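What follows is a short report on a single structure.
Just so it is clear, none of the values below were taken in a lab; they were calculated from the coordinates. Note that we place each Cβ from the backbone using ideal geometry, even for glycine, and neighbour counts take in every protein chain shown.
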Number of protein chains: 2
Amino acid sequence: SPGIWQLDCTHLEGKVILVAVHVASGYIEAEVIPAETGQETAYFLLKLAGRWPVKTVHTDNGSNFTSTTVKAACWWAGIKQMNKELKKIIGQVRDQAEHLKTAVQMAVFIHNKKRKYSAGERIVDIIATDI
Amino acid sequence: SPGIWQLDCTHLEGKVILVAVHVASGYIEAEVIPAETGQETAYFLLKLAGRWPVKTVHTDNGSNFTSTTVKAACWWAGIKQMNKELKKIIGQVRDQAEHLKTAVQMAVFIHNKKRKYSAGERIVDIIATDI
Ligand SMILES: Cc1nc2ccccc2c(-c2ccc3c(c2)CCCO3)c1[C@H](OC(C)(C)C)C(=O)O
Ligand SMILES: Cc1nc2ccccc2c(-c2ccc3c(c2)CCCO3)c1[C@H](OC(C)(C)C)C(=O)O
Ligand SMILES: [Mg+2]
Ligand SMILES: [Mg+2]
């Protein structure tokens, strides 16, 4: 179903990477964050919700969504309640960038553009079809 | 044409807001950045290019794209070479958030979801149709 996303954090090089997966297509977005915090999670959700029609969000760590900040983002935005593949791509491209965050965006790009349609095409098709 | 984006920075409260507009649909993405720098512009482009099929980028300040960092992002990603409306929405929502960056994501959301279809729907339709 088109309005469902999963959100989790992973760790790499002593930093945190927030990873959202659009479950039906396999499309991802990701950001490197200072801290695994309610505030970064909330902020990220607001950005996500402005781009795609986000209806529900799931996570593998339910305590992620406990803060007042997250609940306030989900309320305002109307929302209700690849780790290893991505780390694989990141490791393939890692020597070509100085900052981890650059390598992560490189790996998101590679992941979303790779064919079997690509995840980036699937999301847009799934969402356009649902309009 | 579906692969064309415009990118510019504006200023507000002594901060910089990077604003990308998908020209055919009127869809926007935006981020608050510390400095108007080549590095932030490059990083932003990499993120943008991983989400949408970005073919060409325009700007109102051509010197924006002069750095080695920007040229390197555009090379790697395969890329070639609302200010007032957004500031209007930001001013409408500004008292409801503590940080400017929150208000900016609120205004992006409001802008992309507002009907005459919404910009968020137009982009996905335009892009799906082009696949
Ligand atoms: C600092 C901060 N503190 C809070 C304390 C508890 C109440 C929620 C918040 C939110 C938040 C605020 C507004 C908001 C959304 C989430 C959702 C959108 C409508 O308004 C923020 C915001 O900052 C973060 C997003 C970084 C957490 C803010 O800038 O105001
Ligand atoms: C610090 C930095 N310095 C440079 C000096 C000149 C050469 C380009 C860069 C780039 C850049 C790097 C790789 C890259 C793209 C842009 C495009 C993608 C393929 O690799 C970066 C990157 O950092 C920023 C993105 C913040 C500028 C980096 O992390 O390596
Ligand atoms: Mg997690
Ligand atoms: Mg500018």
What's the average, rounded to a whole number, of partner chain beta-carbon atoms within 10 Å of each residue's beta-carbon in A:40-51?
-> 5
With x for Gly and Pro, the residue-by-residue ³J(HN,Hα) of region A:17-30, computed from phi through the Karplus equation 6.51 cos²θ - 1.76 cosθ + 1.60 at θ = phi - 60° and given in whole Hz, is 10, 8, 10, 10, 10, 7, 5, 4, 9, x, 6, 10, 10, 8
Structure-based [θ]222 nm, chain A - -39500 (n - 2.57) summed over DSSP H runs of at least 4, per residue, nearest 500 | -14500 deg cm²/dmol
Here, residue B:117 and residue A:60, labelled 7 Å along Cα→Cβ, have an inter-label distance in nm of 3.7
Inter-copy separations for residue B:61, label at 7 Å along Cα-Cβ, nm, ascending | 3.9
Counting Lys and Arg as +1 and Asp and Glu as -1, each charge on the Cβ, what is the dipole of chain A about the Cα centre in debye, to the nearest 20?
-> 260
Taking the label point 7 Å from Cα in the Cβ direction, how far apart in nm is residue B:114 from each other copy of itself, listed shortest first?
-> 4.0
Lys and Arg at +1, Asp and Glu at -1: neighbours of residue B:28 with Cβ under 12 Å from its Cβ sum to +1
Take the rotation relating chain A to chain B, measure from its axis to every Cβ in chain A, and name the nearest residue with the distance in whole Å.
-> A:128, 2
How do the peptides B:102-109, B:121-128, A:108-115 rank, highest first, by the average count of neighbouring beta carbon atoms within 10 Å per residue?
-> B:102-109, B:121-128, A:108-115
Net lengthening on full extension, residue A:13/residue A:1 (0.36 nm per residue, minus Cα-Cα) | 0.9 nm
State, to one decimal in nm, how far the label point of residue B:80 lies from the label point of residue B:39, with both points 7 Å from Cα in the Cβ direction.
-> 3.1
Taking a label point 7 Å from Cα toward Cβ, how far is residue A:4 from its twins in the other copies, in nm, shortest first?
-> 3.9
Taking every residue of A:119-127, the Cβ atoms of other protein chains inside 10 Å of its Cβ average out to 5
